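1. Begin with these chain(s), straight out of the complex:
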Amino acid sequence: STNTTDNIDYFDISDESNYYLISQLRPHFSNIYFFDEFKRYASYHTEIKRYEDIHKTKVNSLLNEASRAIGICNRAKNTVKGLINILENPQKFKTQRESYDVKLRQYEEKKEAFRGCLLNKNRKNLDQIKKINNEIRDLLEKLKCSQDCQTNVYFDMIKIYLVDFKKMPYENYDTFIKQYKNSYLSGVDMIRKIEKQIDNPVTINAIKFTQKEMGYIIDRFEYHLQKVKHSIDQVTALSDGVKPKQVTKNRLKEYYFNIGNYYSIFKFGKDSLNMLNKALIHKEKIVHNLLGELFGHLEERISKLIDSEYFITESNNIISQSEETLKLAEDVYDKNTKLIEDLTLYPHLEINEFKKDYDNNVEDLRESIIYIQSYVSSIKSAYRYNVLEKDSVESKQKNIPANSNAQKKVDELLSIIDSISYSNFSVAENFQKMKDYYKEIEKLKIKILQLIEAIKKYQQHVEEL
Amino acid sequence: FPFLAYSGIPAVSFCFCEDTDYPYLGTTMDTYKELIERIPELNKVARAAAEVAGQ
């Protein structure tokens, strides 16, 4: 589906003074939008025809110089596009021989190289912009009224600007960047956890680079949205207002220059927000295309961990050996029990002194066997709690929606991997306990064999009485 | 309690406590998952506690 990025013109740079912002979109300045709005301001005022003459010359010269500089750096845009379409896909990387790190370094150098070539050609047009602004100041101070002028272009064109402000959508962009940014930071939080378990570096380096680019485009979008909201608040804030009918001539000059600047910020911000919305949706689709490759390799890690952690086969080995020991000892007592029964009839008739010891041996026999049954019941009990700890994880794995759109399945698999990690402290202590008990079964096994030996020595002694 | 009794500084401690106490505090089984099966949703509750202390 989507594996590449076609548009690059969201990249930009401002000046070192941060006063003028260049865009790679048309017409690269908000001041040109100011020049068109002051052209219609000069369509009002009959006295200033020199502005529309000059304005024709300046849109010609400025647009030609701008698109010229976009040509000279269009070749550098082709190189940077080459490194981007190397870095975004794994499939373009698997044919590539150089490792990832130096390619990332080359991406950095071509990036600031691109911004540097853009600004260094646009400086000579910035000086021309300063010339135009000074010519507009002189050309506006050509006119006549230095006492009361009127301030009908202000009181009308504000209402036209408010119609234009209610035309343009704000809340969908705001809700979009809030929900989207929440999904982005949640994404980076998923990457930091997902890096430790999955073994392949190539795909996760592609995702990490992609989220870096997403971070830059998010930062630009919050910048332009901030400029739009501030310009709307300033124009409507002047429309609240005290509404003076009378201004001085210089006050009229900074007056018109002021609101023309604000509406210029609105127009430039509109087109910038439009393009950045498209770019964020595209890169978001790239990220889902990558995680779609990732989660199939993730599930194998889960299927290894569930068998690996809960010590389940070793615990079944302990239970099998313990039940085998109980069956063995109970078999031996069932073998000797009639010989016990005769050798409880021989004591009470005669000299009881050795038979006191043998009575102690019989009590130790039956009490020992009852102890072994109690130990087996204890081990089986703790094993039951352990199996329950495993089965809750299995039910949590089976209750996932397939049916995830999008990338929430990776979040669910991280949740279940987090669950297997949480069971560790209870599982380890239960298994340690099982080891302790089986040691005590061993001790009672050596003791019970010495008991049956004591029974046989007693048996030959009673034959010797 | 050492801030109140020993040093004489006023002190406050508040809990969203169930009628019976929490079943496992100093415990190996106290994890996140078992907390989130005790309490179904946690973000609004800890939000309420942070609102009280911040206020």
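-> Everything's here; your move. Numbers count the residues shown, from 1 in each chain, chains lettered A, B, ... in the order given.
2. and chain A, which of its residues are near chain B?
-> A:418-419, A:422, A:425-426, A:429 (Cβ under 8 Å from any Cβ of the partner chain). In short, each C-beta sits where N, CA and C put it, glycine included.
3. now whatever helix or strand residue B:34 lives in, how far from the chain's geometric center?
-> For residue B:34, the element it lies in under DSSP states H and E is helix B:33-38. Offset of helix B:33-38 from its chain centre (Cα atoms, centre = their mean, to the nearest Å): 14 Å.
4. next SSE after that helix?
-> Following helix B:33-38 in sequence, per DSSP H and E, is helix B:43-54.
5. what number of residues lie near residue B:29?
-> Neighbourhood size, residue B:29 [other Cβ atoms under 10 Å in any protein chain shown]: 14.
6. one step back: in strands, which of the residues of chain A next to chain B fall?
-> Residues of these located in strands (DSSP state E): none.
7. Quick one: buried ones out of these?
-> Buried members of these, counted by 16 or more other Cβ atoms under 10 Å in any protein chain shown: A:419, A:426.
8. which of the residues of chain A next to chain B sit farthest apart?
-> Longest distance between any two of these is 20.0 Å, between A:418 and A:429; criterion Cβ to Cβ.
9. Chain neighbours aside, what residue packs nearest to the spatially most central residue of chain A?
-> The residue lying closest to the centre of chain A (Cα atoms, centre = their mean) is residue A:187, at 1.4 Å. Nearest residue to residue A:187 in three dimensions, chain neighbours excluded: residue A:211, at 6.1 Å (Cβ to Cβ, 6 or more residues apart in numbering or on different chains).
10. residues of the helix or strand containing that neighbour that come out buried?
-> In this assignment (DSSP H and E), residue A:211 forms part of helix A:202-238. Judged by neighbour count (16+ other Cβ under 10 Å), helix A:202-238 contains these buried residues: A:203-211, A:213-214, A:217-218, A:220-221, A:224-225, A:227-228, A:231-232, A:234-235, A:238.
11. Enumerate the residues of chain B near chain A.
-> Checking chain B against chain A by Cβ under 8 Å from any Cβ, the hits are B:28-29, B:31-34.
12. Chain C should join the structure above:
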Amino acid sequence: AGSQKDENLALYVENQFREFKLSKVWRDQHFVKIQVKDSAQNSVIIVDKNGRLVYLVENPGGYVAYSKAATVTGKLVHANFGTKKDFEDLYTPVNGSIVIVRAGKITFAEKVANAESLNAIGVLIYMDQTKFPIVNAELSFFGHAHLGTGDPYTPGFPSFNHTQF
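-> Alright, chain C goes in next:
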């Protein structure tokens, strides 16, 4: 307390307090004495009057801090909560014996302090069905038995190196 991962969480919290740009961030360290488990294992184990045969109950994972390291034998008496009124209403006298209590209603140290005041020998502490409803019965837990607070081996003065211990 004092483990490596605790210092990793400490440096994490400190780097967070620097990244929030607070007005001042400072740490403080001092050396205390706590009680930890030994390599040998503590156990509770049934002894018959015959003495030939000895049955083990369990080997607890959890331990009680500031308990006295010793080994004792004796007859056991149930002592429901160790409340002083509860100790007042016993049937069998308590002395020279090992009490068992249920965890609740008071700190562990007041249980051990009260049963020490009636001259018992040892305290065993558990959790029952009714007060603590849980699925697992093999669950083990942790407590401390110091009446009053603070590091006990410096009462009243702080545990720096300026006091020279």
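13. let's see the neighbour count of residue B:29 again after adding chain C.
-> Residue B:29: 21 neighbours (other Cβ under 10 Å).
14. how far away is it from residue A:101?
-> To residue A:101, residue B:29 is 44 Å away according to Cβ to Cβ, to the nearest Å.
15. now residue C:129
-> For residue C:129, the distance to residue A:101 - Cβ to Cβ - is 60 Å.
16. Can you get me a residue count around the residue nearest to residue A:50 when sequence neighbours are not counted?
-> Nearest non-adjacent residue to residue A:50, counting by Cβ to Cβ, 6+ apart: residue A:139, 5.7 Å away. By the criterion of other Cβ under 10 Å, residue A:139 has 17 neighbours.
17. same deal with the one 4 residues further on?
-> Residue A:143 is flanked by 14 other residues according to other Cβ under 10 Å.
18. Identify the residue nearest it in space, chain neighbours excluded?
-> residue A:47 (5.3 Å).
19. what do you get for residue A:201?
-> residue A:100 (7.4 Å).
20. and that neighbour, what does it touch?
-> The neighbourhood of residue A:100, defined by Cβ atoms under 8 Å, 6 or more residues apart in numbering or on different chains, consists of A:93, A:201-202, A:205.
21. and the gap between the residue nearest to residue A:50 and chain C?
-> 48 Å (Cβ to the nearest Cβ, to the nearest Å).
22. need the contact list for that residue.
-> Residue A:139 touches A:48, A:50-51, A:54, counting by Cβ under 8 Å, 6+ apart.
23. most neighbours, which of these?
-> Busiest of these [other Cβ under 10 Å] is residue A:51, holding 22 neighbours.
24. Can you give me every residue that contacts it?
-> A:38-39, A:42, A:136, A:139.
25. just to revisit the earlier point, what lies in contact with the helix holding residue B:34?
-> A:418-419, A:422, B:22, B:24, B:42.
26. wait, does stretch A:409-429 contact chain C?
-> Yes - judged by Cβ under 8 Å from any Cβ, stretch A:409-429 comes into contact with chain C through A:426, A:429.
27. how about the CA coordinates for that stretch, as CSV?
-> Listed in CSV are the C-alpha atoms of stretch A:409-429, where the atom choice follows Å, rounded to 0.1, in the frame of the first residue of the first chain:
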residue,chain,number,x,y,z
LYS,A,409,-3.0,-5.3,18.8
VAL,A,410,0.7,-4.6,19.5
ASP,A,411,-0.5,-2.7,22.6
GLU,A,412,-2.5,-5.8,23.7
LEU,A,413,0.5,-8.1,23.2
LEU,A,414,2.6,-5.7,25.3
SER,A,415,-0.1,-5.9,28.0
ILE,A,416,0.1,-9.7,28.1
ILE,A,417,3.9,-9.7,28.1
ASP,A,418,3.6,-7.3,31.0
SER,A,419,1.3,-9.8,32.7
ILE,A,420,3.7,-12.8,32.4
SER,A,421,6.4,-10.5,34.0
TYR,A,422,4.0,-9.7,36.9
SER,A,423,3.5,-13.4,37.9
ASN,A,424,7.2,-13.8,38.7
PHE,A,425,7.3,-13.3,42.4
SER,A,426,4.5,-15.7,43.3
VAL,A,427,5.7,-18.4,40.9
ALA,A,428,9.3,-18.3,42.1
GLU,A,429,8.3,-18.6,45.8
